[PDB]
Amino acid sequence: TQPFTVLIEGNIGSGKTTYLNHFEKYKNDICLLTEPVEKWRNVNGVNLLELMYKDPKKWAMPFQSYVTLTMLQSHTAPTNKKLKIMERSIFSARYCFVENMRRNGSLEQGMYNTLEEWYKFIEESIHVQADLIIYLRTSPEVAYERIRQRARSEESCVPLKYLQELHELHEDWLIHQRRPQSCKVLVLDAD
């Protein structure tokens, strides 16, 4: 079982990290799970994040596959705290990042299908705690800015086009669509 869980969603460079760094001083009453980027950067030695951004058509599949795994581990990790805040989720991994990779051709149909089958099996079994989604809404330009200020080795080549597509997907999912009673969405202007 999991306590009240909050999912911090948003584009790359939407200030999620900075934002949830605030909650750090309260780690004693709140379970804080940042994106397991360190895991993605070091999978038994390999940097999947790096490989994916360097050669999407080749590494998008294994990468998103691992991301699903680690997000799933985070969603199901037990805790004694009564509040849980996670940076991003399996929902955004599926509806935004994977879908985007399918559109730009990084994921070949059979690869997209495999990932979708996994998402279906998970939802059919492993229930995921999601009570609140705070959506740090931004504009691609501002997101591009943040990314540029912090020299992230892997994100050193993400085009503005890429951010726009991710942005649109986050919009289609969190705003231009009725949400279930099981989960509320709080939109904040990041910019």
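All residue numbers are counted from 1 along the displayed sequence. So that the term is clear: the rigid core is the largest set of C-alpha atoms that superpose within 1.5 Å between two forms.
*Asks:* Quick one: core-superposed, which stretch strays further from the shown model in 7 other deposited structures of this protein, 160-168 or 50-58? Go by RMS C-alpha distance.
*Replies:* With the rigid core superposed, the C-alphas that lie farther in 7 other deposited structures of this protein are those of 50-58.
*Asks:* Looking across the other entries that model both neighbours, is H176 missing in at least a third?
*Replies:* In all of the other entries, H176 has coordinates.
*Asks:* What stretch has the higher average Cα B-factor here, 39-47 or 147-155?
*Replies:* Comparing averages over the C-alpha atoms only gives 147-155.
*Asks:* Quick check on the record: does 22-30 or 66-74 carry the larger mean Cα temperature factor?
*Replies:* Mean C-alpha B-factor is greater for 22-30.
*Asks:* Relative to the other modelled residues in the chain, which third contains the C-alpha temperature factor of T138: lowest, middle or highest?
*Replies:* It falls in the middle third of the chain.
*Asks:* Lowest, middle or highest third of the chain for the C-alpha temperature factor of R179?
*Replies:* For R179, whose C-alpha B-factor we compare with every modelled residue in the chain, the answer is the highest third.
*Asks:* Sort the modelled residues of this chain by their C-alpha B factor and say whether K58 lands in the lowest, middle or highest third.
*Replies:* Its C-alpha B-factor belongs to the lowest third of this chain's values.
*Asks:* Give the position of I126 by CA B-factor within its chain, expressed as the lowest, middle or highest third.
*Replies:* According to the entry, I126 has a C-alpha B-factor in the chain's highest third.
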